[PDB]
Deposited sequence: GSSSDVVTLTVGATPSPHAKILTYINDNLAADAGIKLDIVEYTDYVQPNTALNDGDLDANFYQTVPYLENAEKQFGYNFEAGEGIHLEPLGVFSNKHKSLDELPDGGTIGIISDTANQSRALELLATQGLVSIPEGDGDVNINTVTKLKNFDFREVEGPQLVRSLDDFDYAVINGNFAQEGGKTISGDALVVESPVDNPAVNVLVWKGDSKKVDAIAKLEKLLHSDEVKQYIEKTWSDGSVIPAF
């Protein structure tokens, strides 16, 4: 009666953290992990919904709340494990002030993350968000440039085409990039609601096993693994 759990995860940090747990902690907890790596945001929630995964570990609390609102998903989430500060990246400039007149900024296409990237740009004086649904058509541009919506896994590649791109940590990681080494502008980690959580479906038969994985993901061992593995500011424990 060891329970096996199929968990979907983006490769870095999430699959790495899950692999540390699998290889170091799962056996003592009486669980086995079957890690499935995913490279986009749509697919792990669909697989959790449709019955292919027991849990996923890739998404932020605000993205989850939006997915439940837009799609009706019946999911349950755990405590914040870690934060990935959002960054503005570029291969053409080292300062956002060098945004050419009619220049371009790549921006993700999902609601929650486009909204978060738009806020980050507001802290830099580049867009104005009305007080009160935040997207490229509802913000006011305060300098002359164009946004270009790009699908998440195309963000790092879009740096070849555009002056800048706003890029979530998991994608920056895939592209060999770090916050310390490569972010032009770094989202503040203070009072940041975009913590990453374990998500499972409300009716799982495996809730004893998933509560064990939740406890392992918020252990001192996992915090130390995160702090040892990422000291470049790209992945910060949220506990």
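J.: Relative to the deposited sequence numbered from 1, which residue ranges are unmodelled?
T.: Absent from the structure are positions 1-4, 137-138.
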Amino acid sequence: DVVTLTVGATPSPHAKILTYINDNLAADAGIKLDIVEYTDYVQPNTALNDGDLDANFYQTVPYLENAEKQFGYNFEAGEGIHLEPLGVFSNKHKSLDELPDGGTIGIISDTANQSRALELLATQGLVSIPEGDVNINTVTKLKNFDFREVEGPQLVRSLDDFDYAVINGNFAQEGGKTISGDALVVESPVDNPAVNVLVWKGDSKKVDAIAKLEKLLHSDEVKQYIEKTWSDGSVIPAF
From here on, numbers count along this sequence of modelled residues.
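J.: Test of understanding: from the entry's C-alpha B-factors, which stretch has the higher mean, 138-146 or 86-94?
T.: For C-alpha atoms only, the mean B-factor is higher in 138-146.
J.: Going by the deposited entry, which of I107, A77, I81, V127 has the highest CA temperature factor?
T.: By C-alpha B-factor in the record, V127 ranks first.
J.: For the C-alpha B-factor as written in the entry, point me to the maximum among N66, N170, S204, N45.
T.: Across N66, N170, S204, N45, the entry lists the biggest C-alpha B-factor for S204.
J.: Hey, what third does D191 fall into on Cα B-factor, ranked over its chain?
T.: Highest third of the chain for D191's C-alpha B-factor.
J.: Relative to the other modelled residues of the same chain, rank the CA B-factor of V235 and answer lowest, middle or highest third.
T.: Its C-alpha B-factor, which the entry lists for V235, ranks in the lowest third among residues of this chain.
J.: Within this chain's modelled residues, let me know which third the CA B factor of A209 belongs to: lowest, middle or highest.
T.: It falls in the middle third of the chain.
J.: With respect to C-alpha B-factor, does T10 fall in the lowest, middle or highest third of the chain as deposited?
T.: Its C-alpha B-factor, which the entry lists for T10, ranks in the lowest third among residues of this chain.
J.: Please place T19 in the lowest, middle or highest third of its chain by C-alpha B factor as given in the entry.
T.: Answer is lowest: the recorded C-alpha B-factor places it there.
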